[PDB]
Structures are given as structure tokens and as C-alpha cells.
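Residue numbers (PDB author numbering): 203 to 268, 311 to 635, 641 to 870, 942 to 1530. We put the CB at the ideal spot given by N, CA and C, even for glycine. Read the structure below first, then the notes.
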Ligand SMILES: Nc1ncnc2c1ncn2[C@@H]1O[C@H](COP(=O)(O)OP(=O)(O)OP(=O)(O)O)[C@@H](O)[C@H]1O
Ligand SMILES: CC(C)CCC[C@@H](C)[C@H]1CC[C@H]2[C@@H]3CC=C4C[C@@H](O)CC[C@]4(C)[C@H]3CC[C@]12C
Ligand SMILES: CC(C)CCC[C@@H](C)[C@H]1CC[C@H]2[C@@H]3CC=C4C[C@@H](O)CC[C@]4(C)[C@H]3CC[C@]12C
Ligand SMILES: CC(C)CCC[C@@H](C)[C@H]1CC[C@H]2[C@@H]3CC=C4C[C@@H](O)CC[C@]4(C)[C@H]3CC[C@]12C
Ligand SMILES: Nc1ncnc2c1ncn2[C@@H]1O[C@H](COP(=O)(O)OP(=O)(O)O)[C@@H](O)[C@H]1O
Ligand SMILES: [Mg+2]
Ligand SMILES: [Mg+2]
């Protein structure tokens, strides 16, 4: 029992054949524009739940049986798609039958004596044949399009189901670029094959059936015609083989582009802060140029392919007629037969003119078939590698050796330990020694070479990089679980989240943002912890959850949650710690260096050892929503869009294209009438050579027609490339120029959609639609001009026939357009969900929530399909209506000719029928193509949207540009400075007033969520000042072009962000300076040893956004990045967060030596590294509290004293 079910199920037989059931929606759509709400629920068999499981099953049955073939696996959609063959057969015989009846009528009308009754019968038999072919043809087309739709669901369903199981090593090879490409473009390639796959036999049948009529007419002279056509195949064959290589290279360039764009949109804040977006712009363009260069070559071959097929029947015709006179000198010599022979030849263009699109589709689909087959055949991480015994030690690892990649050398070298039930274990060691690795090994994320691993009970995971969903804070803490009011409140207060829940705008239920961009580092880490704690599992793997928060909250969380008095007192919990404060509280602590456990034991036991760790210890010891969903445009498409696409093509090509179209269709009409005038001439003994004279002229025009067709097919293709190139550059510049607030609002999939699918539409579709539209347009003008001039008194018939076609076209398109918008809008969540999942697969797999996320994906794809399905039915609805109107007019033209056979104008009236069918079929084509054009241009409308938006301040002002040596003394002055993140939200900073003098070392201290990171975000002018101003050395900041600002001051941001490419590229993407400078920087960064010992020294492939190396190494890469610029104002935003105590001591000593003369302000939680500084700023919520020298603030016994006492400096 559905609330709004599809009417197709309940529809009677008469309704189903004519598609009468969609009538109701089409009328509703005309009155007021269609909404997402009044779309019908899908049919049970059109649903991911019913479609995808049978495909993945067949893959399990077929892949397990084996190489693994994907083509044999596409017998899943075979059964349903066979009926299509039967429907296509009947239609072709009815197409063949049509002309026969028309000959008998055109003959009947001529013969005066013929009985009254026999005339009507022919017209009645014509009308019925036209109706039957229409109904049968559109049953065929509906089966083809429904098949295509079901293949789209399954391809997306399978790819998502696979993405959650694939190995890490395979995840590096199959990048996010390929996965997004597979779900988007390759599914559209299979959908487009679904139509034309049925022509592979329908064209040869039609070619044979037309050829046999010539044998019946001519005889054994039709062989030459077959000999010419068979010789043709090899050319199209080798050219198709050549294209197959171009399509592969084109797709590879498209994957690389989408992969790079993903890495840009991930870390856009870092691009904005370092002022790097021009470097990454140039890189995206370089990849686009390669992709477009190949697409041009593919288009050149298509033109040669089209050129070959269009001029085949004329070359066949001349080849055939030569055979007669070169042997048959005895019997045959006819004059009129030529006309019937040419009338039989001129049908052999209708099959051959649709062939190069069949070839293009099959090649394009065959590439996509290989790419999907290669992706679904990747090695799957096996969960039976770990024992996972039912709820005697908690976890046991015995001589286990794990490796990130199968062929690479192992990370963990023969580790051996056992942890008892309800034991608090700690993991310690150097930066990049394999701690996060050890936790990954127990989750079966890493491949193991040898050993034995047993993990008894359910596992809960807290990763080092916090992963938060787009949904409300409560729903993040729940993570798809039933709510317990007692326990929920008990977890939230234990995780120290109450003050954070107070400061948030709408308290608990706030739209948290796409990657938790709203929250601060500590808030993200606390939510991530709270989720895992709420889940209530047997074993707890905590990857440094007390890093980002200060000493106060850290202690609170340790006493209330993790420690032996908290919630998790009884559960086995293995935490990775860098702090040495809580090691006496631990049961056993495991030290590891270079992937080997150096020594295990308790605090006292390890102290008694007098080892390396002992020596280490001595030295240091109604709710407000944020994300706005995509919303469809309401009215008609504005001429601005069309004019913008045409402006990109250029004036020269547009005047050439139209000119060649005219030359083509003029030659078409000259040939048309020159033949029809040649027809009605007597066969006298004279005009013996005239036939051999004029058939050369017919051949010449046939070649001329072919040459021009090749011409305009080329002209439109190059036009399309110019447009597609220009549109991408405008889109990319518009995106890179927008402010940070826009990116925090707009969903990720919202942009991925426009950069992948909407651009792929602009690249491929629109040129083909333009070619077919212009073709149909000039065909209609060409028919109209002929009938009018042949019968000047037929000027009355044209308007009425046009007006009724126009009103059907204007009615239909109004709804058709809106359905294409709804579909195009509703596909954005599908990308967002894919993007959200791929980041947090480790977490999803740890909590075993796969089924829920898989089930969520199915429900998100259903919405896209619910929007798509009415669109294709509406196409069928229109087509049947227009053809049935066409049949009616043909009947009246046909019936009028029989009624008034001999009354008057007997010679003229007989022909009236002949072109009454022509004009009908051409006006039928014009409406359908004009609609297809209006629905396709929506893609360009969608790309334009980010032109009329909010833009960031001008990059280069070039008038008020400050001197080359502007930051000469780092004198930073804040004057009544106040920041506000949104327009409606309350102020984060207010009435800030400090004077940081030149070369002054300034600390910034405060409680988590005090406005520390926001102050540094404010200085770079990422968010524009609400009140007051900042001044850097007697020069106002708001005035200057922010690229003159941003190059002169450096920051180490809180989150370390690396981009996909060589390790050298991350340090310097402009390629400005030498390798000696990079090496001396990596020497000061303390990565020299690590980066030197690597297989490729500085050409190491950092992939997936720097997942190839550890968090603490990304910290040092971001340090090196800052060390290379060597500016006079430096800003540290917790640069020493996820590192050792030893490693921290080093990079501090670096900062003291290198940045000795330049102004440095540092934000920090480790107060150890502040007490050395000259002055310190302390701020609580939005205002600066007591500030001065650290020694002074300790004497005062105020706030800074309280924070020092927690750290244990006092
Ligand atoms: N997914 C991965 N693919 C390939 N190599 C990896 C991967 N993860 C880690 N490594 C390599 O293993 C080394 C150390 O592993 P790991 O990241 O577990 O260190 P860690 O102890 O977590 O360090 P940190 O203290 O920075 O958290 C790194 O130097 C890195 O090159
Ligand atoms: C005689 C005519 C009318 C019918 C035969 C012509 C067509 C259907 C034939 C001739 C050459 C053939 C192509 C030759 C090469 C390729 C590339 C391959 O990777 C996929 C199949 C594909 C694309 C073939 C499909 C069928 C094909 C296009
Ligand atoms: C170089 C050549 C091919 C460029 C040709 C550009 C042509 C095809 C463009 C420019 C303006 C466009 C038209 C603008 C207005 C409408 C009305 C709409 O209800 C149907 C589409 C239709 C009829 C468009 C069809 C495509 C169009 C005619
Ligand atoms: C109609 C008959 C008489 C003449 C036909 C000549 C045709 C085939 C010629 C004349 C001018 C030519 C065009 C001139 C300019 C360009 C731009 C170039 O970057 C790609 C090829 C392209 C698009 C050419 C394609 C072929 C072309 C259209
Ligand atoms: N992009 C944002 N949009 C709206 N509010 C934000 C944003 N970033 C941070 N906030 C809010 O401002 C407060 C202070 O943030 P911030 O100064 O960045 O944290 P911290 O001082 O801990 O580094 C936080 O409690 C947070 O809720
Ligand atoms: Mg780690
Ligand atoms: Mg911060």
C-alpha cells in the first residue's frame, strides 16, 4: 500500500499502448511548474533493492567460476531486452510496407477508369499501417529506455557496494576520480548503447531488404553495389579501432582532472591562505587541454566516418549502372526504370545515415565496459584474516607481520603481545613508527603477510583524523542507534560537551557542516570520542583523542571516560598517547620504534629496566540550517544562456556552419526536383545519350552533398570544442574566486556534479543536438518553400498546420524542461553521499554500519530515478500524439485526392499526398529536436549559476599596491577589531585592541572555543572585518589587493593538508627555486632522514590527499612549506599538535634560530613552549583578558596562573 503509486501498474491495456496515464501529470505541469513532491513512487522492479542484488549475485557466481568476463554477466538485463527485437522486426516490415501502398494509390489516382471502392481501401490500409508502425515503434523505444535506466541503477549500486570492500593498495590505484567518473559518465555511456545495440541487425536486414527489391527490379547487376559497400567496412573498422585508443586516453585525462579538482575543493582554505589558486588553476587547465586535444582527434575521425556513409548510395548507384552497359549490350536499355531504381536507392540512405552514431556508441560503451570490469575485479580485504571470537585475553597478536601494500616491504616487523579483558593499555613511540598502523592492523584494514591475530568482542574506533557527517550533532553522537535519555546526557556531560552545546546557535540539533567545518579542532575530536563511547562496544581503539583539547578538558575526559573510574572502566581500551602525564594510570604501556615493540610493561617496571624509554621519561617527565540544498530554476531558459554559449563559439564559425547547412540542403532540393522533373518526360528514340549525361550530374550532386555534410559536421564539432573550453575556464575562475563562506555553505557533490556531469554533457551532447536540430529546421524550410511555390494557392494550408504543431510543442516543453531540471538537481546528493562515504570507510567498517549506508545510497538513487522516469515516458507521450496527428492529416490529403480524382486539377492533385507526408514527418522532427535542445541547454544554465554570486575582494588592486619591501618591521596593530562568521550569528571576536611591535614573539592562550584560530583567519582577511580595522606597518589592510597581502605573511594551519602529486610539488607548486633550498628546508624540518631513505627521494607519490604518510609527518611537511617562504610576519596555529615531546623540542629550537628577526605570534595548548616568549595574549570567549610577560601574569595570580597550574609548570 503506497501513498502516491505509479499509474502504469493500474493502467488498462489501451492506456499502456498510447501512454494515456501520464496525461494527468502533463496537464498539471502546464498550469504550475512541477515540484519534487508530486512525482510518483517507482515500480517495485525499478528499485535498487530489486535491481542491484541480482547483478552482484551473478558477479559472485561468474567471478568465482573463473579470466572474469563482464559481457556474459550482462545477461541480467537480457530477458527483458529481447522483446525489443520482436517489436523492431514488426516496425521494419511496416516501414517496408508503407511505400508499396503509396505506389498503388499514386498509380490508382492517375488511372481515371479505376472503381470508386478500390481507392478508399488503399487510403484506409495506409492509415492503419501508419498507426500500427507508430504504436509498435514506441513500445520498442520504451523497452530500450527502461532497460537503459535499470542498467544505470545497477552500475551505480554495484560501484558503491564495491567501494566499501576494496583494499587500500587498490584504493590508491582506483582514485576518487575513477570512482566518480564510473558512477557518472560510464553509466550514461551504457544508457546510450541501450538504444543503438538493436540497430546492429536492423540496419543489415533493412540494407538486404532494400537490395532484394533492386534484384527483383534490375537482376544480377546489384552485386557491384554490394562489392562497393563491403569494401567500405574496413575503413570504418580501422577508424573505429583508432577511436578506441583516443576514447581510452580521453577518459584517463578526465579521471586525472576530477581527481585534482577533488583535492582542491578538499583543502580550498589552504589554497586561499597560501594564495596558490592560480598554480592549481594552471594545472587543471593543462589536464583539460590534453583531454580536449584528444576529443578534437575523435571528432575529426567521426567527420571522415560520416563523409564515407552519406555518399555511399550515390557511389553504389553509379557503380551499379556502369555494370549494365559494360556487359548487357544485347537486351536491356530503359529510360524510365532509372527513376524507380533511384527511388529504390534513395531509401538506402535512411539506414546508413544513422550508422556512424551506432559505431560511436559501441566504441564509447566498450571502453566504459573495460574500465568497470577492471574496477569490480580489484582485490577485496578479507575479514576472516582476524579470528573475531565470541565474547582468555581480550586481544592476542602472535608473530604477526602486516604490510600496507602486498608487494611492498612490511610496516610492522613480527610484533608479539597479548592484552587481558578490561585492561587500560597505552601505545607510545617516535613520529611515524607505526602506532595508527598497529590499530589499523586490528581493524583488518592492512594486509598481513604472516602470524596469528585474535580480537575477542566488538571493536569501537576513534581515528586520528576526525570524520563527522553533514547531519545534526545529536545524530552524529547517535550514529543510527535508539536514543536513551539517561545514557545520552551521561555521555555528553562526561565528554565535557555542555559548554560547547551552550555556545552553538541552536544548542543540540545544529547542521554540523559537510566535514564539521563549523566546529573547532577540540569540538570535532570530542564528538568523534562521544560517538564511540555512546556505541558501547567490548574493545576500544583510541587514536590520540586528547590532542586538540587543552589540559583542563583532557583531565576531565580522562577522569570521567577513559580512566579506571569513568564510563569505560570495565571495557578493554588501547589508546595511542603522546602526553606522558597519564602513563602512571595505565596498566601496561607498549613502546615501539621502527614498527617493532622495543619493550612492554607497567610505568614502574619500564623505569626499573633502565632502558631507552627510562632515559626518555627522565628528560620530559525551526533549527538554524547551514548547508543550502540545490534548487531548480522555475521560468523559461533566458536568451542570456543561449547567447553565452553562442558567444563562446565565435562569429566566424557560426557564419560558416549555417552557410554549409544551406549549401547541403540547397543541393538536396536541386537533386530532389531535377529528378522529379526528369521523371515526366516521354521515352522517344531521341534522348539516347541524355540518361548517361544526366546520371553523372545526379552523381556529381550526390558527391557535392557528401562534401558539404562532412564540412558542417566538422564546423559544428570544432565550434563545440571552442564553447566547451571557454565555459570550463569561466566556471573554474568563478569557483576559485568565491570566498570561504560559499564553500562552507555549498555541498561537495553540488560542485562535483557541475565539474563532472554538466561539463561532460556540454562536451559530448550539445554539438550532436545542434547538428540534428539545424538539419530538421532546414528540412522543414526546404519542404515549406517547395509546396508553396509549386501551388501558390497552398499558402492557406501551411499556417494552420504550423500553429497546432507549435502549441503542442509549447505545451509539452513547459513540463519536459522542468523534469530535466528536477533530475539534474536531485542527482547532487548521490555525489555528496559517495564523497562523504569514501573519506570515512575505516569508521563505517569498524562500527559494521555498511548495510545502513548501502540502504541509504539506494534511497538517494531512487529520488534521481523518480525524476528521470516521467521524462522518458513524456518523450513517448509526445511522439505518439504527433505521429497520430500526422496520420490524420495524411488520411485527409489521401482522401481528398480520391474524392476529387477527376473533378479538377487531376495532374496536380495526385502529387499533393506525396509531400503532405514529407512536411508532416519534418514538422514532427522539428518539434522533438527543438524540445531536446531546450532540455539539453539546462546544463549551460547550471554552469552559469556561479557567475551571479558573492565574490571575494579584488586579488590585485595594482593602484594601492604596497612596496616590494612593505613588511619591513612586523608591526601588527588591531584597532577595535570585531569578527562575525555569518550575518545573523553573534560575534566571535569584539573590541580587540593590541599593538604587536616589530620582531616581537607573542603567545596566544585560551580555553577551547575562545576565538584563537578565528583571529589568525581574520588577519589574512579570509572573513571581512565587521567593526574596526587591522594595520600592518602604517598601511591599512582592507584597501590592498589580498594577493599583495597574502604573499607577504605565512601561516601553519591547524589541519595539515597535502595535495595528490609528487612530495616536491606540495612544498613548492610554482616550481620557483632549486633542490638545494628544498633539501636545506627538509634538513631544518627534521624529515631529511625519512625523505632521503625513500625509493623516490622528492618524486614520492603522496596520494588521496597525503594518506601515504602519517599525521605527524604532514605536520613537518607543512612546517617545511612555511620555512621556504621566509616572510617577516609568521603565524603558528598549533604546529606541534600531533608530534612527539622530543620532536616538539627540536622544531621549537628550529623556530627560535630561523625566525629570530621576523614577528612570530604562536597559538598553543602546550604552555611549555610559551613561557620563553616576550608577551602573551589570553582571551576567554571573545575579549582579551589580562596580558603581558609570562612571569608578570604568574605574579598576578589570575587566569594564566590557573592554566599554568593544570599543565604543571607552576
Ligand atoms: N595508508 C598508508 N599507505 C602507505 N604507507 C603508510 C600508510 N599509513 C602509514 N604509512 C607509512 O607508515 C609509516 C608510519 O606509520 P603510521 O602512520 O602508523 O605512524 P604513527 O605511529 O601513526 O605516526 P604519528 O605519530 O604521526 O601518528 C609512515 O611513515 C608512512 O609512510
Ligand atoms: C554493412 C553495414 C550496413 C553493417 C555493418 C557495419 C557496422 C555495423 C560494423 C562494421 C565495422 C564494425 C566495428 C568494427 C570495430 C569495432 C570496435 C570494437 O571495439 C567494438 C565494435 C566495433 C565498433 C564494430 C561494430 C560493428 C561495425 C561498426
Ligand atoms: C553555429 C550554429 C549551429 C548555431 C546555431 C544556434 C541555434 C541552433 C540556437 C540559438 C538560439 C536557439 C533557440 C532560442 C529559442 C528557442 C525557443 C525554444 O522554445 C526552443 C529552442 C529554440 C528554438 C532555440 C534552439 C537553438 C537556437 C536556434
Ligand atoms: C561547400 C564546398 C564548395 C567547400 C567546402 C570546404 C570546407 C570542407 C572547408 C572550407 C573551410 C574549412 C574550415 C576552416 C577552418 C576550420 C578551423 C580549424 O581549426 C578546423 C577545421 C575548420 C573547421 C575547416 C573545416 C573544413 C572547411 C569547412
Ligand atoms: N566557519 C564557522 N562558521 C561559524 N561558526 C564557527 C566557524 N568556525 C568556528 N566557529 C565557531 O566559533 C567558535 C570559535 O572558533 P575558533 O576560534 O576557530 O576555535 P578555537 O579558538 O578553539 O581555535 C567555535 O566555538 C565555533 O563554534
Ligand atoms: Mg598516527
Ligand atoms: Mg583553533
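Ligand 4 and residue i: does the residue's C-beta get closer than 7 Å to at least one heavy atom of that ligand?
i: residue 720; result: no
i: residue 983; result: yes
i: residue 968; result: no
i: residue 976; result: yes
Between which residues of its own chain and residue i is the CB-CB distance below 7 Å, once the five residues before and five after are set aside?
i: residue 556; result: 473, 476 and 596
i: residue 911; result: Residues lacking coordinates in the chain include everything strictly between 870 and 942, among them residue 911.
If you measure between the beta carbons of residue i and residue j, is that distance less than 8 Å?
i: residue 1319; j: residue 1447; result: no
i: residue 1194; j: residue 1136; result: yes
i: residue 759; j: residue 944; result: yes
i: residue 454; j: residue 591; result: yes
i: residue 1199; j: residue 1248; result: yes
i: residue 547; j: residue 1068; result: no
i: residue 1309; j: residue 1298; result: yes
i: residue 648; j: residue 700; result: yes
i: residue 250; j: residue 1526; result: no
i: residue 1145; j: residue 968; result: no
i: residue 1240; j: residue 1218; result: no
i: residue 538; j: residue 405; result: no
i: residue 325; j: residue 212; result: no
i: residue 1432; j: residue 1458; result: yes
i: residue 844; j: residue 661; result: yes
Note down, in chain order, each residue of its chain lying with its Cβ closer than 8 Å to the Cβ of residue i, except the 5 sequence neighbours on either side.
i: residue 957; result: 1137, 1254, 1257, 1258 and 1261
i: residue 342; result: 370, 373, 374 and 377
i: residue 356; result: 1221, 1222 and 1226
i: residue 1105; result: 989
Can you tell me whether residue i sits near ligand 5, meaning its C-beta is under 7 Å from at least one heavy atom of the ligand?
i: residue 1371; result: no
i: residue 1330; result: yes
i: residue 1301; result: yes
Tell me whether residue i counts as near ligand 1, meaning its Cβ is closer than 7 Å to at least one heavy atom of that ligand.
i: residue 1427; result: yes
i: residue 684; result: yes
i: residue 1508; result: no
Can you give me the Cβ contacts of residue i inside the same chain, cut-off strictly under 6 Å, excluding the 5 residues immediately before and after it?
i: residue 1452; result: 1372 and 1482
i: residue 208; result: 242 and 245
i: residue 403; result: 426 and 427
Quick one: is the Cβ of residue i within less than 7 Å of any heavy atom of ligand 2?
i: residue 473; result: yes
i: residue 705; result: no
Residue i: beta carbon under 7 Å from a heavy atom of ligand 3?
i: residue 1396; result: no
i: residue 1039; result: yes
i: residue 962; result: yes
Worksheet item: Hey, is the segment 316–332 in contact with the segment 379–388, meaning 3+ C-beta pairs nearer than 8 Å?
Response: yes
Worksheet item: In chain order, which continuous runs of the beta strand (DSSP E) of length 3 or greater are located wholly inside the segment 668–754?
Response: 673–678, 696–704 and 708–711
Item to complete: Inspect the CB distances between the segment 1397–1406 and the segment 1341–1352 and report whether three or more fall short of 8 Å.
Response: no
Worksheet item: Is it a yes or a no for the segment 625–634 touching the segment 484–499, going by three-plus beta-carbon pairs under 8 Å?
Response: no
Worksheet item: Where in the segment 987–1050 do unbroken runs of the alpha helix (DSSP H), each at least 4 residues long, occur, reported from the N-terminal end onward?
Response: none
Item to complete: Decide if the segment 1361–1368 is in contact with the segment 1269–1278; the criterion is three or more beta carbon pairs, one per stretch, under 8 Å apart.
Response: yes
Practice prompt. Kindly provide the ranges of any beta strand (DSSP E) runs that are 3 or more residues long and lie completely inside the segment 1303–1353, ordered along the chain.
Written response: 1321–1325 and 1347–1352
Item to complete: Inspect the CB distances between the segment 763–779 and the segment 791–810 and report whether three or more fall short of 8 Å.
Response: yes
Discussion item. For a minimum of 4 consecutive residues, which ranges assigned as the alpha helix (DSSP H) are wholly contained in the segment 1189–1271?
Written reply: 1226–1256 and 1258–1264
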